[PDB]
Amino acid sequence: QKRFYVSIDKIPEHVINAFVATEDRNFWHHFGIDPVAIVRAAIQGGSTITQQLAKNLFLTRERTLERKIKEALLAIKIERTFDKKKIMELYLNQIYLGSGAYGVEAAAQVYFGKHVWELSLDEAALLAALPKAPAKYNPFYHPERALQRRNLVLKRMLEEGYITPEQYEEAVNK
């Protein structure tokens, strides 16, 4: 699994943008933790990309308040150590996307039989829909809600200004 790394410079804007719009809209500006996100979400998760990266660096996967804090501290240090593009790179190569695919390149091959850099806008959006719950939104056997969440990602991209109305209309119909 730990074989399929791809540098950020070879990952299309649509893929990077789809993940940002869906999981952490303020990714490029916060310091590893986002209060405005937590509050507005306290009303929907509030964890940043950095926090997810940190969470997946642990060996055992428990969800106690105790380690949520440890994950937040780790996230802040990482943010102090590596830049945004690097954190995004590590994250996009480690993320479990279902069907035994860890990372965007492996996911691209498993779900579309191609390299991440050959992905279309609608294909990029499908990958960004999986992190929430890979097995729950897996196209290979829950194509109904996979398509629904994909269109929801495209909607988030449209709202954030990452794609045009024209592009949106074409993608949701693919």
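Throughout, we count residues from 1 along the sequence that is shown.
Count of coordinate-less deposited residues separating residue 36 and residue 37, as none, 1 to 3, 4 to 9, or 10 or more?
Missing residues, residue 36 to residue 37: none.
For the C-alpha atoms alone, is the average B factor greater in 57 to 65 or in 28 to 36, going by the entry?
The stretch with the larger average C-alpha B-factor is 57 to 65.
Comparing 7 to 15 with 150 to 158, where is the mean C-alpha B-factor higher?
Here the higher of the two C-alpha B-factor means belongs to 7 to 15.
Sort the modelled residues of this chain by their C-alpha B factor and say whether residue 143 lands in the lowest, middle or highest third.
Highest third of the chain for residue 143's C-alpha B-factor.
Where does the C-alpha B-factor of residue 45 rank in its chain, lowest, middle or highest third?
Highest third.
Place residue 113 in the lowest, middle or highest third of its chain's C-alpha B-factors, as listed in the PDB entry.
It belongs to the highest third of the chain when residues are ordered by C-alpha B-factor.
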